[PDB]
C-alpha cells in the first residue's frame, strides 16, 4: 500500500533497511522515477550503495533504464568505477548494448578515460562490449586513454591492458587521428613505446 516514491525516498536517504522493507512488498514497482529520470537503482549506483543496488537488481530493477542525461545504472557503474556493483550486474543482469551515454559511448570508453582499470578488466573479461566501439567523436577507449589524459603510469597500464586484449590501434577518430598520433604529439614516450610494440 506504499505510495509511489517510497522507494526513491528510501534510496535518497541511503536507508538500506527501509529499502529491503519496501522490497518485501511483491507488488511494488521498483523502477519508479524521479524528476531527473533516475530509478532507485540509479540513485544507489550514483551513491555507491552496494547492498541497496544488489537488493534492487535481485528484485528485477532494470539496469538499462536511462535517466535524463542518458545514464542507465549499467552505463554509470561502468563509467564511474563502481566495480562491485558492475561485477554484480555482469553476473545477475543483462546489459543492453544498444543503449549509449550522452556522448554516444558505452561503459568501456569512459571507464578507460577515467582510469578505472578494474572496470576495464571486468568489461573485457565478461562484458560483451566491443573493444573497438567509437563514441560521437570517433574516440575509442584506447584513444581516450591516450589522448584525453595525462600519460602517466595508470594510463600506460590501461593502454597495455587494451592492446593485450586486441584493441585496434589503427582506428582514426573524427579528426583523423590515431592513438599513436596523440601519444606522439603530447610527448607521451612510454605510451608511444608500448604502442610501437603492437601491430
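Positions refer to the first chain, counted from 1.
Comparing 22-30 with 40-48, the higher mean C-alpha B-factor in the PDB entry belongs to 22-30.
When the C-alpha B-factors of 67-75 and 111-119 are averaged, 111-119 comes out higher. Ranked within its chain, residue 140 lands in the middle third, by CA B factor from the PDB record. Per-chain ranking of the deposited C-alpha B factor places residue 105 in the lowest third.
Ranked against the other modelled residues of its chain, the C-alpha B-factor of residue 93 as given in the entry falls in the lowest third. In this PDB entry, the Cα temperature factor of residue 156 sits in the top third of its chain's modelled residues, the highest group. Sorting the modelled residues of the chain by their CA temperature factor places residue 148 in the highest third.
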